[PDB]
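Chain and residue survey
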Amino acid sequence: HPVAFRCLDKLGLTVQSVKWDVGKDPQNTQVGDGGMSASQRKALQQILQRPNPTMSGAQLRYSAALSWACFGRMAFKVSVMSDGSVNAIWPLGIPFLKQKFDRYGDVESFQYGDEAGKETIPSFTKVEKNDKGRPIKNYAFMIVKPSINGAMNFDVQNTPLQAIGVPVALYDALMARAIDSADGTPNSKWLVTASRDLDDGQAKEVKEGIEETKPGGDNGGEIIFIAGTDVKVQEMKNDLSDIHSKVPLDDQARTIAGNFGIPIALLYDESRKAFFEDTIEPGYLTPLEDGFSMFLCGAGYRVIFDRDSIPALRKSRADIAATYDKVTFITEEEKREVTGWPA
Amino acid sequence: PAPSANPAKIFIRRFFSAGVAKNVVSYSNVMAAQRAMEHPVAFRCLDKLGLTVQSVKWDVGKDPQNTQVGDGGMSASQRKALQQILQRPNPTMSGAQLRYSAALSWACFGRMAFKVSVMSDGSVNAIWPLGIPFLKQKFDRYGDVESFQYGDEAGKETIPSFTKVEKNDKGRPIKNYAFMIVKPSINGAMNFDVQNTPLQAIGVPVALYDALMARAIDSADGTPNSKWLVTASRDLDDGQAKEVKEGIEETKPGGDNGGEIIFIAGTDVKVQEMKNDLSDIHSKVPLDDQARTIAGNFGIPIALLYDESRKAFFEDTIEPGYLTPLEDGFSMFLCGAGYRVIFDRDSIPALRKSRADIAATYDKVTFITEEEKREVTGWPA
Amino acid sequence: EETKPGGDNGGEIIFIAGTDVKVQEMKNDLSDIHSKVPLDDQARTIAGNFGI
């Protein structure tokens, strides 16, 4: 679908532009840092910039966010070698991913494939752990978007596709009507008519008289003289200028574009700022980063992405930094931390 | 390190089959891409997209996130050769045209393919782009591609993939290979899935546009362009009815009595002036909408067909949809860690004012060391 | 019929000798199916009530 695909690849594209890195977390009360080895952290950085071969970090981000938008879930796979050192990461196709629950409240394993592929990959909650807490064998994530009635995983998905069926169907119907009527409505004008008293043998001649005035005709552009037997011409309109129903179409476009959280103007700069820091950041950037930080590294360190890598927010960051520079009742470190710049 | 067992083995079971050399794109997709290159709006947007990225300048450079103190710039001479080949690819083709063809195929099919000729020591000798329509690839047993077939009967060079090839000790290859950069999609299937191109979603508008334009060209020639449908009576002694016709006719510009009145003595002729509007033959309203739609789907602000819009098109559609995947693909397998291919943003003529301003403002700041004020605006060290 | 785009003689006039046939062009407005005015107002009401 044109509009849905446009919005989807837009959302996937923008998030695919952000840059990763592992780093110290700001709310580090945990003096007993969970960066267990500080060599596991370097390897996690490497994999975070270079996932499983023939796949880059950007494409990983793109697929992750795209699945997140379509189904409201994110699934992955890690291959930690033996010592909390992750080997590489794979994204999981949400369509054909099944999961299996425990007796108390949660998932234990994920089944991926029908009959042949049956790798009952353990969940993070149950897997062979280190003496520090880190896993030793493979696992998966299944990041989930909450909904009403709790039901943390047993619940129904929470995706925009829930509430856009009506407008997308309306759009399809209207565009089908337009396509059909484009070819099928005669494109001719001047429905001329004679009477039953004209000796067809010259009504051929009257036709050749009217017809042969086309641009580049024998007598083209000259008048029509009909001596006797008044023939009557009527000009059809053939408006054909609203076949797609322009008004009850842009409304559906605004509906299925707004439901993805896209300021219409995108399809001025202020609206780009809004789309970046209103729906993209706290709807794709924060959930993915909290999902990774929850179980990909110990406390005190977590995956972070540089806000200054967004080309649209550079001017805003620069102005805010400049203004703060003028303040004085504030130490240098908090002037730093209030605008990134950890220490 | 490498575990050789990815979870991508769902598809080789039954959903696919190994040792078959499947082609990479549907014939429908190829023919759609072909005639979309002759359509006015689609070709305009395609060549704009190619032209813009074709503009960026290449170079290899230190990567910023160089946590690998064991730099993968194995030789520092392979890197000079990579610079050379990056500015001068295979003879009879330049780097700019390489970028043009790569990005154009990326836009049309969502795939990129290439070929290298590393001599014996990680020094790549030349780089060739591969025609996506007639490139077929052959998969391994676990989850991935091993070899590429290029040509049906005579050309049968099953060039090895990068994953499986004779790789010099450090890891760098020794013999030729190919890339097959792919665009991600739903339901994973990183290589087994369908293409992801703007052409998927503009068949409807492009067909509607062709329908309207055919109607326009059609009605242009065929609708009489004459006025004054004059008829006399059926009682006029034709022999003077011709005379009245000559009287009316010979008022054309450059005639006997042009511009003077017409006197008819009895037998009232009856003229009626036809409109011949013909001022909506192409249906302007349900045409520019299709132009906007097949323009919006390629990721192009309409206004381009003000400077704020150029900036947006550059740092919103060109960069994170053509520049970063291409550069990350080259970086993944063309050089070792710590080094990768980078392009200078300040080579974009549209961003120069923005860069200068952001550089100026940061200069006013004080609670930031010099190196970070540099790195936040390029300028590595 | 044979004047549709991609027709044998498409775009030329129609000549009917005798027995006047009569065509009428259907308006087919269809541009207010959703009742744009008494719909955006409901959107505003169920929006303003959420305080947005």
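Header annotation of the entry names cryo-EM as the structure determination method and lists the resolution as 3.46 Å.

In a regular helix each residue adds 1.5 Å, so 12 residues correspond to 16 Å; helix α6 (residues 247–258) of chain A covers 17 Å between its end C-alpha atoms and thus fits that length. As for α6(A), its buried residues are in contact with α1 (2–16) and α4 (165–182) of chain A together with α1 (37–48) of chain C.

What follows is about the packing of helix α2 (residues 40–55) of chain B against helix α7 (residues 285–296) of chain B. Residues and elements named next belong to chain B. Orientation of α2 relative to α7, taken along the N-to-C sense of each, is 30°, at an axis distance of 10 Å. If you check the angle between α2 and α7, you find them roughly parallel. Crossing handedness for the pair α2 and α7: right-handed. Between α2 and α7, the residues in contact are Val-41, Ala-42 and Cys-45 and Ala-291, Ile-294 and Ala-295, respectively. Looking at side-chain class alone, the contact of α2 with α7 contains six nonpolar, no polar and no charged residues.

A regular strand places its side chains on the two faces of the sheet in alternate fashion. All names here are of chain B. Among the five residues of strand β13 (residues 339–343), four are classified as buried, and the element is accordingly described as predominantly covered. Relative to β13, strand β2 (residues 58–62) runs antiparallel, the two sharing five bridges. Within β13, the residue paired with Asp-59 across the bridge is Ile-342.

Of note, the phi angle at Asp199(A) is positive, near 55°, even though the residue is not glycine. With respect to the helices and strands, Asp199(A) occurs in the loop between β10 (191–193) and α5 (203–211). Positive phi, normally seen in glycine, also occurs at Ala189(B), with a value near 50°. Along the polypeptide, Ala189(B) turns up in the loop between β10 (181–182) and α5 (203–220).

Okay, the interface of chain A and chain B next. Tallying the contact residues gives 88 residues for chain A and 99 residues for chain B. Taken together, the two surfaces of chain A and chain B that pack against each other cover about 8,700 Å², and 62% of this comes from carbon and sulfur. In this structure, the connection of chain A to chain B is made through four salt bridges. Here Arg336(A) ties to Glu372(B) by a salt bridge, and the two come within 3.6 Å at their closest N and O atoms. The tally of links from chain A across to chain B stands at 19 residue pairs in polar contact. Examining the composition of the side of chain A that touches chain B, we find that eight residues originate from one element, helix α8 (residues 314–326) of chain A, more than from any other. Taken together, the three bridges between strand β11 (residues 224–226) of chain A and strand β11 (residues 229–231) of chain B define a ladder with parallel strand orientation. Following the sheet pairing, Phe225(A) is matched in β11(B) by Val230(B).

Residue and element names in this part refer to chain A. In terms of burial, strand β13 (residues 301–305) is a largely internal element, four of the five residues being buried. Both strand β1 (residues 20–24) and β13 contribute to a ladder of five bridges, which runs antiparallel. When the bridges of β13 are listed, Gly-23 appears paired with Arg-302.

Parameters at a glance
Residues numbered from 1 in each chain as written, not as in the entry; some residues may be left out. Chains lettered and ligands numbered in written order. Part of a larger assembly, values for the part shown. Heavy atoms only, no water. Helix = DSSP H or I, 4+ residues; strand = E, 2+ residues; numbered from the N terminus. Expected span 1.5 Å × (residues − 1). Contact = heavy atoms within 4.5 Å. Axes fitted to C-alpha atoms, helices over the stretch in contact; angles between N-to-C directions. Parallel < 35°, antiparallel > 145°, perpendicular 65-115°, else oblique. Left-handed = near helix turned anticlockwise from the far one by under 90°. Nonpolar A, V, L, I, M, F, W, Y, C, P; charged D, E, K, R; others polar. Buried < 20%, exposed > 50% of the residue type's maximum accessible area, 1.4 Å probe, protein only. Pairing = 2+ DSSP bridges. Buried area = accessible area lost by both parts, 1.4 Å probe. Salt bridge = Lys/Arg side-chain N within 4 Å of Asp/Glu carboxyl O. Polar contact = N/O pair within 3.5 Å; in protein donor to acceptor, adjacent residues only side chain to side chain.

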